[PDB]
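Asks: The structure file start.cif (mmCIF, C-alpha atoms) is provided below.
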```cif
data_input
#
loop_
_atom_site.group_PDB
_atom_site.id
_atom_site.type_symbol
_atom_site.label_atom_id
_atom_site.label_comp_id
_atom_site.auth_asym_id
_atom_site.auth_seq_id
_atom_site.Cartn_x
_atom_site.Cartn_y
_atom_site.Cartn_z
ATOM 1 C CA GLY U 1 -6.693 12.801 4.483
ATOM 2 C CA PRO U 2 -7.849 9.907 2.185
ATOM 3 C CA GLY U 3 -8.964 7.391 4.896
ATOM 4 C CA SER U 4 -5.899 8.173 7.140
ATOM 5 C CA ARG U 5 -3.635 10.963 8.588
ATOM 6 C CA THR U 6 0.079 10.389 7.554
ATOM 7 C CA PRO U 7 1.792 9.259 4.257
ATOM 8 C CA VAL U 8 3.051 5.993 5.917
ATOM 9 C CA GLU U 9 -0.472 5.084 7.161
ATOM 10 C CA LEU U 10 -1.996 6.085 3.766
ATOM 11 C CA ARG U 11 0.561 3.827 1.921
ATOM 12 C CA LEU U 12 -0.452 0.879 4.196
ATOM 13 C CA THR U 13 -4.226 1.727 3.901
ATOM 14 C CA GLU U 14 -4.140 1.809 0.046
ATOM 15 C CA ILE U 15 -2.535 -1.683 -0.215
ATOM 16 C CA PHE U 16 -4.809 -3.110 2.565
ATOM 17 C CA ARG U 17 -7.960 -1.965 0.614
ATOM 18 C CA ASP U 18 -6.482 -3.288 -2.677
ATOM 19 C CA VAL U 19 -5.702 -6.807 -1.284
ATOM 20 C CA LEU U 20 -8.937 -7.221 0.781
ATOM 21 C CA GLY U 21 -11.174 -5.878 -2.083
ATOM 22 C CA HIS U 22 -13.005 -3.512 0.382
ATOM 23 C CA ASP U 23 -12.491 -0.200 2.297
ATOM 24 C CA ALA U 24 -14.904 -0.618 5.269
ATOM 25 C CA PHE U 25 -12.182 -0.021 7.948
ATOM 26 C CA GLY U 26 -10.045 2.432 9.998
ATOM 27 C CA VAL U 27 -6.428 2.576 11.311
ATOM 28 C CA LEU U 28 -7.058 0.568 14.562
ATOM 29 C CA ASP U 29 -8.850 -2.425 12.870
ATOM 30 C CA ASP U 30 -7.116 -5.878 12.962
ATOM 31 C CA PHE U 31 -6.029 -7.092 9.456
ATOM 32 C CA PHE U 32 -6.968 -10.770 10.079
ATOM 33 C CA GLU U 33 -10.465 -9.701 11.356
ATOM 34 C CA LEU U 34 -10.852 -7.546 8.155
ATOM 35 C CA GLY U 35 -10.267 -10.789 6.089
ATOM 36 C CA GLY U 36 -6.400 -10.948 5.930
ATOM 37 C CA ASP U 37 -4.190 -14.106 6.127
ATOM 38 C CA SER U 38 -0.615 -15.234 5.125
ATOM 39 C CA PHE U 39 -1.366 -15.095 1.347
ATOM 40 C CA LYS U 40 -2.878 -11.549 1.713
ATOM 41 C CA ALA U 41 0.141 -10.569 3.899
ATOM 42 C CA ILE U 42 2.547 -11.776 1.094
ATOM 43 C CA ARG U 43 0.594 -9.609 -1.458
ATOM 44 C CA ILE U 44 0.848 -6.480 0.796
ATOM 45 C CA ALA U 45 4.586 -7.036 1.545
ATOM 46 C CA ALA U 46 5.350 -7.503 -2.216
ATOM 47 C CA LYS U 47 3.386 -4.287 -3.133
ATOM 48 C CA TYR U 48 4.908 -2.158 -0.299
ATOM 49 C CA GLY U 49 8.476 -3.520 -0.783
ATOM 50 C CA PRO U 50 11.115 -2.946 1.991
ATOM 51 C CA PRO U 51 11.054 -2.605 4.967
ATOM 52 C CA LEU U 52 7.703 -4.519 5.291
ATOM 53 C CA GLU U 53 7.465 -8.347 5.662
ATOM 54 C CA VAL U 54 4.654 -10.938 6.309
ATOM 55 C CA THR U 55 5.796 -11.546 9.940
ATOM 56 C CA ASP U 56 5.692 -7.803 10.749
ATOM 57 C CA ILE U 57 1.909 -7.925 9.955
ATOM 58 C CA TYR U 58 1.348 -10.788 12.488
ATOM 59 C CA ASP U 59 3.393 -8.762 15.069
ATOM 60 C CA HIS U 60 1.626 -5.454 14.130
ATOM 61 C CA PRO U 61 -1.923 -6.232 12.780
ATOM 62 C CA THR U 62 -3.176 -2.572 12.388
ATOM 63 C CA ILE U 63 -2.311 0.447 10.162
ATOM 64 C CA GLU U 64 -1.398 2.374 13.367
ATOM 65 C CA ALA U 65 0.942 -0.398 14.666
ATOM 66 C CA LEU U 66 2.709 -0.983 11.288
ATOM 67 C CA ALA U 67 3.282 2.779 10.767
ATOM 68 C CA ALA U 68 4.921 2.896 14.258
ATOM 69 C CA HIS U 69 7.047 -0.244 13.409
ATOM 70 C CA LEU U 70 8.194 0.791 9.868
ATOM 71 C CA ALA U 71 9.162 4.360 11.018
ATOM 72 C CA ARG U 72 12.048 2.972 13.231
#
```
Show me this structure written as C-alpha cells.
Replies:
Amino acid sequence: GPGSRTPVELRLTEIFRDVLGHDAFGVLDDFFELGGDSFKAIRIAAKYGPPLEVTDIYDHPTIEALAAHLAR
C-alpha cells in the first residue's frame, strides 16, 4: 500500500513523515536515526491520540515495533 502494508502501520507512517518533514524511510528504520526526538515524539503522540505515548516510541522505535505494541 502507500509506503506500508497494514492500516496501523500506515497511520504511524503518515504521522512520522508529517513530523520529520520527509518520507525517505521504511517500516524497520529507527525514528531517532530518521531525525526524531522527544519533541517530535510528543507531536506524533498528540496527532495519533490513544493508545500511543512518547515513552512507547523510545521502547518501540520503528513502525513495525509500534504496530505490534499498539495492537495488544
Asks: Could you tell me which of U:11, U:22, U:47, U:5 comes closest to residue 70 of chain U if we count only C-alpha atoms?
Replies: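 With only C-alpha atoms as the atom set, the closest residue is U:11.
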Asks: Restricting the calculation to only C-alpha atoms: of U:34, U:15, U:61, U:26, which residue gets closest to residue 46 of chain U?
Replies: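 Ranking U:34, U:15, U:61, U:26 by distance to residue 46 of chain U, first place goes to U:15.
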Asks: Figure out the distance between atom CA of residue 30 of chain U and atom CA of residue 13 of chain U, please, to one decimal in Å.
Replies: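 Calculated distance between atom CA of residue 13 of chain U and atom CA of residue 30 of chain U is 12.2 Å.
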Asks: Just the residues within 10 Å of residue 69 of chain U, please, counting only C-alpha atoms, with nothing from its chain fewer than 4 positions along; format it as a ChimeraX atom specification.
Replies: /U:51-52,56-57,59-60,63-65
Asks: Please compute the atom CA of residue 44 of chain U-atom CA of residue 18 of chain U distance, one decimal, in Å.
Replies: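 Pair atom CA of residue 44 of chain U / atom CA of residue 18 of chain U returns 8.7 Å.
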Asks: Rank nothing, just name the residue among U:53, U:58, U:17, U:39 nearest to residue 2 of chain U, using all atoms listed in the file.
Replies: U:17
Asks: By how many Å are atom CA of residue 4 of chain U and atom CA of residue 27 of chain U apart?
Replies: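 Value for the atom CA of residue 4 of chain U-atom CA of residue 27 of chain U distance: 7.0 Å.
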Asks: Draw an axis-aligned box over all listed atoms of segment 49-52 of chain U, pad each side with 6 Å, and write its centre and edge lengths in Å, one decimal, as JSON.
Replies:
```
{"center_x": 9.4, "center_y": -3.6, "center_z": 2.3, "size_x": 15.4, "size_y": 13.9, "size_z": 18.1}
```
Asks: Measuring atom to atom with all atoms listed in the file, identify which of U:1, U:29, U:12, U:24 is nearest to residue 41 of chain U.
Replies: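 Answer, going by the shortest atom-to-atom distance: U:12.
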Asks: For each of U:67, U:19, U:72, U:33, take the minimum atom-to-atom distance to residue 6 of chain U, counting only C-alpha atoms, then give the residue where this is smallest.
Replies: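 For residue 6 of chain U, the nearest of the candidates is U:67.
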Asks: Using all atoms listed in the file, which of the listed residues (U:25, U:3, U:16, U:68) sits closest to residue 45 of chain U?
Replies: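 Comparing U:25, U:3, U:16, U:68 against residue 45 of chain U, the winner is U:16.
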Asks: Please output segment 41-61 of chain U, rebuilt to include N, CA and C atoms, as a PDB file, keeping the file's coordinate frame.
Replies:
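Saved file rebuild.pdb follows:
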```
ATOM      1  N   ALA U  41      -1.065 -11.182   3.339  1.00  0.00           N
ATOM      2  CA  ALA U  41       0.141 -10.569   3.899  1.00  0.00           C
ATOM      3  C   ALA U  41       1.318 -10.564   2.897  1.00  0.00           C
ATOM      4  N   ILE U  42       1.578 -11.685   2.207  1.00  0.00           N
ATOM      5  CA  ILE U  42       2.547 -11.776   1.094  1.00  0.00           C
ATOM      6  C   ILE U  42       2.268 -10.696   0.036  1.00  0.00           C
ATOM      7  N   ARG U  43       1.023 -10.594  -0.448  1.00  0.00           N
ATOM      8  CA  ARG U  43       0.594  -9.609  -1.458  1.00  0.00           C
ATOM      9  C   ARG U  43       0.833  -8.159  -1.017  1.00  0.00           C
ATOM     10  N   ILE U  44       0.530  -7.809   0.243  1.00  0.00           N
ATOM     11  CA  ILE U  44       0.848  -6.480   0.796  1.00  0.00           C
ATOM     12  C   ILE U  44       2.361  -6.239   0.823  1.00  0.00           C
ATOM     13  N   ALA U  45       3.132  -7.151   1.422  1.00  0.00           N
ATOM     14  CA  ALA U  45       4.586  -7.036   1.545  1.00  0.00           C
ATOM     15  C   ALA U  45       5.288  -6.859   0.180  1.00  0.00           C
ATOM     16  N   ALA U  46       4.865  -7.616  -0.837  1.00  0.00           N
ATOM     17  CA  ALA U  46       5.350  -7.503  -2.216  1.00  0.00           C
ATOM     18  C   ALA U  46       5.060  -6.122  -2.834  1.00  0.00           C
ATOM     19  N   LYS U  47       3.838  -5.603  -2.643  1.00  0.00           N
ATOM     20  CA  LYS U  47       3.386  -4.287  -3.133  1.00  0.00           C
ATOM     21  C   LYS U  47       4.032  -3.100  -2.416  1.00  0.00           C
ATOM     22  N   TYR U  48       4.204  -3.172  -1.092  1.00  0.00           N
ATOM     23  CA  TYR U  48       4.908  -2.158  -0.299  1.00  0.00           C
ATOM     24  C   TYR U  48       6.419  -2.129  -0.602  1.00  0.00           C
ATOM     25  N   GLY U  49       7.027  -3.309  -0.791  1.00  0.00           N
ATOM     26  CA  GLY U  49       8.476  -3.520  -0.783  1.00  0.00           C
ATOM     27  C   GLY U  49       9.093  -3.382   0.622  1.00  0.00           C
ATOM     28  N   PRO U  50      10.426  -3.215   0.724  1.00  0.00           N
ATOM     29  CA  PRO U  50      11.115  -2.946   1.991  1.00  0.00           C
ATOM     30  C   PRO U  50      10.602  -1.657   2.680  1.00  0.00           C
ATOM     31  N   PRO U  51      10.533  -1.596   4.030  1.00  0.00           N
ATOM     32  CA  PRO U  51      11.054  -2.605   4.967  1.00  0.00           C
ATOM     33  C   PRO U  51      10.070  -3.743   5.315  1.00  0.00           C
ATOM     34  N   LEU U  52       8.810  -3.650   4.870  1.00  0.00           N
ATOM     35  CA  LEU U  52       7.703  -4.519   5.291  1.00  0.00           C
ATOM     36  C   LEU U  52       7.893  -6.003   4.927  1.00  0.00           C
ATOM     37  N   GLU U  53       7.539  -6.891   5.857  1.00  0.00           N
ATOM     38  CA  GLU U  53       7.465  -8.347   5.662  1.00  0.00           C
ATOM     39  C   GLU U  53       6.199  -8.946   6.304  1.00  0.00           C
ATOM     40  N   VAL U  54       5.796 -10.125   5.831  1.00  0.00           N
ATOM     41  CA  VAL U  54       4.654 -10.938   6.309  1.00  0.00           C
ATOM     42  C   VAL U  54       4.562 -11.043   7.839  1.00  0.00           C
ATOM     43  N   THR U  55       5.699 -11.278   8.492  1.00  0.00           N
ATOM     44  CA  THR U  55       5.796 -11.546   9.940  1.00  0.00           C
ATOM     45  C   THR U  55       5.615 -10.269  10.772  1.00  0.00           C
ATOM     46  N   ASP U  56       5.964  -9.118  10.187  1.00  0.00           N
ATOM     47  CA  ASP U  56       5.692  -7.803  10.749  1.00  0.00           C
ATOM     48  C   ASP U  56       4.186  -7.537  10.852  1.00  0.00           C
ATOM     49  N   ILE U  57       3.374  -8.070   9.934  1.00  0.00           N
ATOM     50  CA  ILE U  57       1.909  -7.925   9.955  1.00  0.00           C
ATOM     51  C   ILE U  57       1.282  -8.742  11.097  1.00  0.00           C
ATOM     52  N   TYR U  58       1.752  -9.975  11.330  1.00  0.00           N
ATOM     53  CA  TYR U  58       1.348 -10.788  12.488  1.00  0.00           C
ATOM     54  C   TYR U  58       1.761 -10.158  13.833  1.00  0.00           C
ATOM     55  N   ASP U  59       2.944  -9.541  13.903  1.00  0.00           N
ATOM     56  CA  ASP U  59       3.393  -8.762  15.069  1.00  0.00           C
ATOM     57  C   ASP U  59       2.610  -7.452  15.265  1.00  0.00           C
ATOM     58  N   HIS U  60       2.251  -6.781  14.168  1.00  0.00           N
ATOM     59  CA  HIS U  60       1.626  -5.454  14.130  1.00  0.00           C
ATOM     60  C   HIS U  60       0.394  -5.465  13.191  1.00  0.00           C
ATOM     61  N   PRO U  61      -0.783  -5.923  13.659  1.00  0.00           N
ATOM     62  CA  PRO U  61      -1.923  -6.232  12.780  1.00  0.00           C
ATOM     63  C   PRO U  61      -2.837  -5.033  12.461  1.00  0.00           C
TER      64      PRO U  61
END
```
